[PDB]
């Protein structure tokens, strides 16, 4: 469910998804970071917003597949959450779903842009953890 905030842990490099105050999105290995606590909320069934509890910014994906933090919950902020094996989830941009653009992190912690993601990568698998 979606009551409590979560960390989204990425198996690829072992990073928690992070939305920085300047709107940059990346990953960090630092479990104590203030900007990795995310409040997921559901829209329609299987659609979620992913919001920084610290800054209130929403996870968003731009027209080049780059993740960024959005002040407002625009249509670029809706993601399709799908449960995969081992309780890992994927998050697909709803706006770009027909191209299968996933939320993803590289092994160095940088965003893996939507067009470079693909089913099967560790980059796109996120395990929700309690804060």
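Residue numbers count along the first chain shown, from 1.
When the two stretches 38-46 and 22-30 are set side by side, the higher mean Cα temperature factor goes to 38-46. Averaged over CA atoms, B-factors in the entry run higher in 82-90 than in the other of 61-69 and 82-90. In the deposited entry, the Cα temperature factor of residue 7 sits in the middle third of values across the chain's modelled residues. The PDB entry assigns residue 124 a C-alpha temperature factor belonging to the lowest third of its chain's modelled residues. Remark: residue 107 belongs to the middle third of its chain, ranked by C-alpha B-factor as recorded.
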